[PDB]
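Novice: Once you've had a glance at the structure underneath, I'll fire off some questions.
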Protein chains: 2
Amino acid sequence: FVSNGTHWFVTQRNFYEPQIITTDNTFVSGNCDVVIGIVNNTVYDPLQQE
Amino acid sequence: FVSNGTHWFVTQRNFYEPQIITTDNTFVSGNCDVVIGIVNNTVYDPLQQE
């Protein structure tokens, strides 16, 4: 989860090539947890599809 | 991403277990023009099923 001060995006340790957080590109276990590092941002689910 | 002159499908480089080309087993990192060697097949995304 990386940001340029904004535009929080997701990429790997290969190239910047930023991507929208993209729920399918994340892993969820723990929900809003007491874990360090929550930046309180949101991710679009590709299947919102509203 | 391979075919035998017909159905487009993907199988691990390791063995031949073709999976019908699907968005589920593909990736995007930009614009089509940047790409080369493009079969340019339409991914059979299950969007229609949505």
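Residue names in the structure tokens use chain letters A, B, ... in the order shown, residue numbers from 1 in each chain, and ligand numbers from 1 in the order shown.
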Find the residues of chain B that sit at most 10 Å from chain A; for each, write down the nearest two atoms and how far apart they are in Å, to one decimal. Count only C-alpha atoms. Sort by chain, then by number going up, and give it as a tab-separated table.
Specialist:
residue	atom	partner	partner_atom	distance
B:24	CA	A:24	CA	9.7
B:28	CA	A:19	CA	9.6
B:29	CA	A:17	CA	7.3
B:30	CA	A:17	CA	8.8
B:47	CA	A:47	CA	9.1
B:50	CA	A:47	CA	8.5
Novice: Can you tell me which residues surround residue 42 (chain B) at a distance of at most 12 Å, considering only C-alpha atoms, apart from same-chain residues fewer than 6 positions away, and format the answer as a list in words?
Specialist: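 Here the answer would be residues 1, 7, 8, 9, 20, 21, 22, 23 and 26 of chain B.
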Novice: Let's have the selection written as a compact mmCIF listing (two decimals), in the first residue's frame, with N, CA, C and O atoms.
Specialist:
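result38.txt was written with the following content:
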# COMPACT_ATOMS: atom_id res chain seq x y z
N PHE B 1 -0.76 -18.41 -22.38
CA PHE B 1 -1.97 -18.30 -23.18
C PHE B 1 -1.74 -18.98 -24.51
O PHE B 1 -0.99 -18.48 -25.34
N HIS B 7 -9.68 -22.89 -29.53
CA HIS B 7 -10.10 -22.26 -28.30
C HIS B 7 -8.85 -21.59 -27.68
O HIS B 7 -7.77 -22.17 -27.66
N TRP B 8 -9.00 -20.39 -27.16
CA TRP B 8 -7.90 -19.79 -26.44
C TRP B 8 -8.00 -20.11 -24.96
O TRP B 8 -9.06 -19.91 -24.36
N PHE B 9 -6.90 -20.54 -24.39
CA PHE B 9 -6.83 -20.99 -23.01
C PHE B 9 -5.46 -20.88 -22.42
O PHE B 9 -4.48 -20.68 -23.11
N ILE B 20 -9.97 -22.00 -19.85
CA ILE B 20 -10.53 -21.12 -20.86
C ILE B 20 -10.15 -19.72 -20.51
O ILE B 20 -10.28 -19.32 -19.36
N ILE B 21 -9.68 -18.96 -21.50
CA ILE B 21 -9.21 -17.65 -21.17
C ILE B 21 -10.26 -16.89 -20.45
O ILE B 21 -11.37 -16.70 -20.94
N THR B 22 -9.87 -16.37 -19.30
CA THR B 22 -10.76 -15.65 -18.43
C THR B 22 -10.08 -14.51 -17.74
O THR B 22 -8.88 -14.50 -17.51
N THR B 23 -10.85 -13.52 -17.36
CA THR B 23 -10.26 -12.41 -16.65
C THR B 23 -9.73 -12.89 -15.33
O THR B 23 -8.76 -12.34 -14.79
N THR B 26 -5.93 -13.60 -15.83
CA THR B 26 -5.21 -12.56 -16.58
C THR B 26 -4.86 -11.32 -15.78
O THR B 26 -5.08 -11.26 -14.58
Novice: Grab the CA of residue 15 (chain A) to CA of residue 13 (chain B) distance for me, in Å with one decimal place.
Specialist: 23.7 Å
Novice: Please report the interatomic distance between CA of residue 45 (chain B) and CA of residue 12 (chain A) in Å with one decimal.
Specialist: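 Those two atoms sit 24.9 Å apart.
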Novice: Least-squares superpose chain A on chain B across all ordered C-alpha pairs, then write out what you get as a compact mmCIF listing (two decimals) with C-alpha atoms, in the first residue's frame.
Specialist:
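Generated output (superposed.txt):
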# COMPACT_ATOMS: atom_id res chain seq x y z
CA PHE A 1 -1.63 -17.33 -23.68
CA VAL A 2 -1.39 -20.49 -25.68
CA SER A 3 -3.25 -21.88 -28.67
CA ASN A 4 -3.53 -25.01 -30.74
CA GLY A 5 -4.05 -22.79 -33.74
CA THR A 6 -7.32 -21.83 -32.04
CA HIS A 7 -9.04 -22.14 -28.68
CA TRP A 8 -6.61 -19.69 -27.12
CA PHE A 9 -6.32 -20.81 -23.55
CA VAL A 10 -4.24 -20.16 -20.49
CA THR A 11 -2.09 -22.70 -18.66
CA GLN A 12 1.18 -22.89 -16.75
CA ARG A 13 4.61 -24.48 -17.23
CA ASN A 14 3.53 -27.61 -15.61
CA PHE A 15 0.71 -29.12 -17.65
CA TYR A 16 -1.39 -28.43 -20.71
CA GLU A 17 -4.64 -28.44 -18.72
CA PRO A 18 -6.01 -25.64 -20.84
CA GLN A 19 -8.33 -23.04 -19.44
CA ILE A 20 -10.52 -20.33 -20.95
CA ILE A 21 -8.70 -17.04 -20.61
CA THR A 22 -10.94 -16.21 -17.63
CA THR A 23 -10.45 -12.53 -16.78
CA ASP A 24 -9.79 -13.42 -13.13
CA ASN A 25 -6.90 -15.55 -14.44
CA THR A 26 -5.22 -12.62 -16.25
CA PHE A 27 -3.40 -9.45 -15.24
CA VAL A 28 -4.16 -6.15 -16.85
CA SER A 29 -1.79 -3.25 -17.03
CA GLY A 30 -1.38 -1.30 -20.28
CA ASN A 31 -4.66 -1.90 -22.08
CA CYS A 32 -4.30 -2.06 -25.92
CA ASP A 33 -0.65 -1.26 -25.79
CA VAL A 34 2.03 -0.93 -28.46
CA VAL A 35 3.59 -3.94 -26.77
CA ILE A 36 4.59 -6.81 -28.94
CA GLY A 37 2.43 -9.89 -28.98
CA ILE A 38 -1.20 -8.85 -28.98
CA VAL A 39 -3.24 -11.61 -30.62
CA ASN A 40 -6.49 -9.69 -30.62
CA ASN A 41 -8.60 -12.27 -28.76
CA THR A 42 -11.23 -11.76 -26.05
CA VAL A 43 -11.73 -13.04 -22.54
CA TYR A 44 -14.98 -13.68 -20.73
CA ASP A 45 -15.35 -11.95 -17.38
CA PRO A 46 -17.04 -14.34 -14.86
CA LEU A 47 -18.97 -11.36 -13.52
CA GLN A 48 -20.46 -10.34 -16.85
CA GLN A 49 -23.33 -12.32 -15.42
CA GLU A 50 -25.77 -10.74 -17.79
Novice: I need the helix (DSSP H, G or I) residues of chain B per DSSP on the backbone, written as a list in words.
Specialist: residues 23, 24, 25, 32, 33, 34, 46, 47, 48 and 49 of chain B
Novice: Go ahead and save the picked residues with N, CA, C and O atoms, as an mmCIF file, in the first residue's frame.
Specialist:
data_model
loop_
_atom_site.group_PDB
_atom_site.id
_atom_site.type_symbol
_atom_site.label_atom_id
_atom_site.label_comp_id
_atom_site.auth_asym_id
_atom_site.auth_seq_id
_atom_site.Cartn_x
_atom_site.Cartn_y
_atom_site.Cartn_z
ATOM 1 N N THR B 23 -10.849 -13.524 -17.359
ATOM 2 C CA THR B 23 -10.265 -12.406 -16.649
ATOM 3 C C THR B 23 -9.726 -12.890 -15.329
ATOM 4 O O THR B 23 -8.765 -12.340 -14.791
ATOM 5 N N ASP B 24 -10.298 -13.967 -14.824
ATOM 6 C CA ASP B 24 -9.866 -14.519 -13.568
ATOM 7 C C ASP B 24 -8.402 -14.946 -13.593
ATOM 8 O O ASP B 24 -7.768 -15.020 -12.540
ATOM 9 N N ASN B 25 -7.863 -15.271 -14.766
ATOM 10 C CA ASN B 25 -6.508 -15.739 -14.876
ATOM 11 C C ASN B 25 -5.635 -14.877 -15.765
ATOM 12 O O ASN B 25 -4.700 -15.381 -16.373
ATOM 13 N N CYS B 32 -3.442 -0.927 -24.283
ATOM 14 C CA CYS B 32 -3.190 -1.971 -25.289
ATOM 15 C C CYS B 32 -2.030 -1.628 -26.215
ATOM 16 O O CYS B 32 -1.262 -2.494 -26.625
ATOM 17 N N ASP B 33 -1.873 -0.376 -26.556
ATOM 18 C CA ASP B 33 -0.876 -0.050 -27.544
ATOM 19 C C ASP B 33 0.528 -0.371 -27.057
ATOM 20 O O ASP B 33 1.413 -0.630 -27.865
ATOM 21 N N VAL B 34 0.754 -0.403 -25.743
ATOM 22 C CA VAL B 34 2.116 -0.539 -25.253
ATOM 23 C C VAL B 34 2.560 -1.977 -25.483
ATOM 24 O O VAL B 34 3.736 -2.290 -25.332
ATOM 25 N N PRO B 46 -16.473 -13.262 -17.335
ATOM 26 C CA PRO B 46 -17.807 -13.647 -16.951
ATOM 27 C C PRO B 46 -18.731 -12.469 -16.705
ATOM 28 O O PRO B 46 -19.863 -12.672 -16.284
ATOM 29 N N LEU B 47 -18.317 -11.258 -17.066
ATOM 30 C CA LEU B 47 -19.149 -10.092 -16.918
ATOM 31 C C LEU B 47 -20.576 -10.346 -17.401
ATOM 32 O O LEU B 47 -21.551 -9.984 -16.740
ATOM 33 N N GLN B 48 -20.724 -11.027 -18.524
ATOM 34 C CA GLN B 48 -22.054 -11.274 -19.046
ATOM 35 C C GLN B 48 -22.912 -12.012 -18.032
ATOM 36 O O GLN B 48 -24.115 -11.809 -17.992
ATOM 37 N N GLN B 49 -22.309 -12.889 -17.236
ATOM 38 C CA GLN B 49 -23.032 -13.670 -16.255
ATOM 39 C C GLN B 49 -23.490 -12.815 -15.109
ATOM 40 O O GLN B 49 -24.513 -13.096 -14.486
#
